[PDB]
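Beneath this line is the structure, given in structure tokens, with notes to follow.
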Amino acid sequence: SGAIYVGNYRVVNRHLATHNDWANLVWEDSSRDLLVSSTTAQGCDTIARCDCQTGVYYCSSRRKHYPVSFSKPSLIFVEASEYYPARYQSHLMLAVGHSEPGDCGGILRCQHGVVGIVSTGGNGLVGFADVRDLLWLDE
Ligand SMILES: NC(=O)[C@H]1CCCN(C(=O)CN2CCOc3ccc(Cl)cc32)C1
Ligand SMILES: [Zn+2]
């Protein structure tokens with residue numbers, strides 16, 4: 001569990017979206033595991049507009065923040081699950097670090113702000129769904 005709150009938007013993992021998220025839907029992408037829904041309250045999360053590859057992510061399974069080196073956003077194969085079949089997830093960054101199933105939604109941050117949220121993991125790795133290309137979140 002975890003979300004990004006920027007202005008009049010709420011960015012969540014598409015597989016964890018609730019009924020209100022789909023009733024106030026702005027944009028969703030199964031291949032990115034993202035869903036953005038509208039909000040009545042004014043959010044203040046600063047989105048990073050950068051090309052960073054180092055930052056800090058929040059790990060609910062260890063109740064700790066961790067500094068990571070991560071890859072540039074790309075098409076990475078993800079095994080089938082109870083939310084999606086076997087596909088290539090796009091805009092996904094990988095890093096060496098602890099992650100377990102309840103960790104989806106933990107924020108990844110750099111000096112410039114929010115980079116993305118935990119989406120995949122396993123075998124001593126962590127995957128983040130990037131949000132830095134979505135310039136409409138700010139405008
Ligand atoms: N992006 C996706 O398709 C997600 C949707 C459901 C969750 N996904 C998983 O990988 C589930 N899982 C299995 C392997 O061990 C893990 C360790 C950490 C995390 Cl965050 C998830 C998992 C794929
Ligand atoms: Zn940055």
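Chain labels follow the order of the structure tokens: the first chain is A, the next B, and so on; residue numbering restarts at 1 in every chain, and ligands are counted from 1 in their shown order.
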
Which residues are near residue 35 (chain A)? Cut-off 8 Å, only C-alpha atoms, ignore same chain within fewer than 5 positions. Put them as a ChimeraX atom specification. /A:11-14,17,21,25-29

Surrounding residues of residue 75 (chain A) excluding itself and chain neighbours under 2 positions, 6 Å, only C-alpha atoms, as a ChimeraX atom specification: /A:88-90

Proximity to ligand 2 - best of A:85, A:73, A:101, A:55, only C-alpha atoms and all ligand atoms: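 So, comparing all the options, the nearest one is A:55.
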
Using only C-alpha atoms and all ligand atoms, which residues of chain A come within 10 Å of ligand 1, and what is the closest atom pair for each, with the distance in Å to one decimal? Give it as CSV, sorted by chain and residue number.
residue,atom,partner,partner_atom_place_in_ligand_line,distance
A:1,CA,ligand 1,20 (Cl),9.9
A:13,CA,ligand 1,1 (N),8.3
A:14,CA,ligand 1,5 (C),8.5
A:15,CA,ligand 1,5 (C),6.2
A:16,CA,ligand 1,5 (C),8.6
A:30,CA,ligand 1,3 (O),8.6
A:31,CA,ligand 1,1 (N),8.3
A:32,CA,ligand 1,1 (N),7.6
A:33,CA,ligand 1,1 (N),5.8
A:34,CA,ligand 1,1 (N),9.3
A:59,CA,ligand 1,20 (Cl),9.6
A:61,CA,ligand 1,18 (C),9.9
A:76,CA,ligand 1,1 (N),9.7
A:77,CA,ligand 1,3 (O),9.1
A:78,CA,ligand 1,3 (O),5.9
A:79,CA,ligand 1,10 (O),7.2
A:80,CA,ligand 1,3 (O),7.1
A:81,CA,ligand 1,6 (C),5.9
A:82,CA,ligand 1,6 (C),7.0
A:83,CA,ligand 1,6 (C),6.0
A:84,CA,ligand 1,3 (O),5.8
A:85,CA,ligand 1,3 (O),7.9
A:86,CA,ligand 1,3 (O),8.1
A:87,CA,ligand 1,3 (O),8.0
A:88,CA,ligand 1,3 (O),8.8
A:89,CA,ligand 1,1 (N),6.7
A:90,CA,ligand 1,1 (N),9.5
A:92,CA,ligand 1,1 (N),8.8
A:98,CA,ligand 1,18 (C),8.0
A:99,CA,ligand 1,18 (C),4.4
A:100,CA,ligand 1,18 (C),3.5
A:101,CA,ligand 1,19 (C),3.9
A:102,CA,ligand 1,20 (Cl),6.4
A:103,CA,ligand 1,20 (Cl),5.0
A:104,CA,ligand 1,20 (Cl),4.7
A:105,CA,ligand 1,20 (Cl),8.2
A:106,CA,ligand 1,20 (Cl),9.0
A:117,CA,ligand 1,20 (Cl),9.8
A:118,CA,ligand 1,20 (Cl),6.1
A:119,CA,ligand 1,1 (N),4.9
A:120,CA,ligand 1,20 (Cl),4.1
A:121,CA,ligand 1,18 (C),3.6
A:122,CA,ligand 1,17 (C),4.0
A:123,CA,ligand 1,15 (O),7.4
A:124,CA,ligand 1,17 (C),8.6
A:125,CA,ligand 1,17 (C),7.9
A:126,CA,ligand 1,18 (C),6.7
A:127,CA,ligand 1,20 (Cl),7.3
A:128,CA,ligand 1,1 (N),8.8
A:129,CA,ligand 1,1 (N),8.1

Would you mind listing the residues within 7 Å of ligand 2, counting only C-alpha atoms and all ligand atoms, as a list in words?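 Residues lying within 7 Å of ligand 2: residues 48, 49, 50, 51, 52, 110, 111, 112 and 113 of chain A.
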